[PDB]
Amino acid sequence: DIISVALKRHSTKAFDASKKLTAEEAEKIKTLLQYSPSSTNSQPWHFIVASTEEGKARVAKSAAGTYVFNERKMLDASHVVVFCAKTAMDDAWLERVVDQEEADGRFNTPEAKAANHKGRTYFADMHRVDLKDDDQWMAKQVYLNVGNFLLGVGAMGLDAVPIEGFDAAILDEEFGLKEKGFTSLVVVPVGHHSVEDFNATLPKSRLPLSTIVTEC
């Protein structure tokens, strides 16, 4: 029951450094990252999936100073996913998206593909040209991916914890994302919580529906 999952999944505060994801689970979390929806199927993202001790150590460089209290989560987890967004929407990327859709058989005619491309470009330009906010627009799609991911891993019976408490400048530099056209937004360690993960047993807390929801 997905509703039970939502009422049960939690932000892991401690991971068992001995429990690793199975090969199948590792394949599945990558599938979750890949198949998340996005505006115009723009998929303005890239993901770093660190599973080796060296890889996790590189990501952990971002848990410096003020963020040092997040270091252990990044080091003890089985797999650590760094969610990155494109820094600018280039035509090259838009072309890749529409060409992939054609390859997957989503268009019944060439005109249909051209129309899809025109439309995606039209909305991309709305952000790139008019609003000048394509960077924030794409970052938003990445957070949506994070939302999809957290519930998905929870539904897999796996533990995870979303992290904004990291130095993105440091992380970007460590992986040369700037030069690749990406920037890190959220770090998500995934694995199995340890017995010491006190947050696994604390009740979930949210504001009441009477405050957050308006029915019409």
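By rigid core we mean the largest C-alpha set that fits within 1.5 Å across both forms. All residue numbers refer to positions in the sequence shown, first residue = 1.
In summary, of the stretches 113-121 and 98-106, 113-121 shows the greater Cα distance from the shown form in 5 other deposited structures of this protein, with structures fitted on the rigid core. Here the rigid core sets the fit, and in 5 other deposited structures of this protein the C-alphas of 194-202 stray farther than those of the other stretch, out of 194-202 and 16-24. For the pair 69-77 and 134-142, the mean Cα B-factor is higher in 69-77. The PDB entry records a higher mean C-alpha B factor for 50-58 than for its counterpart among 50-58 and 161-169. Note on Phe149, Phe175, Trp45, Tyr35: the highest value goes to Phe175, judged by CA B factor as recorded. Per the deposited record, the Cα B-factor of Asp125 falls in the highest third when ranked against the other modelled residues of its chain. Residue-level temperature factors show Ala26 in the middle third of its chain, judged at the C-alpha atom.
Looking at the C-alpha B-factors along this chain, the one for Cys216 belongs to the highest third.
Ranked against the other modelled residues of its chain, the C-alpha B-factor of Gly105 as given in the entry falls in the lowest third. Residue-level temperature factors show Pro189 in the lowest third of its chain, judged at the C-alpha atom.
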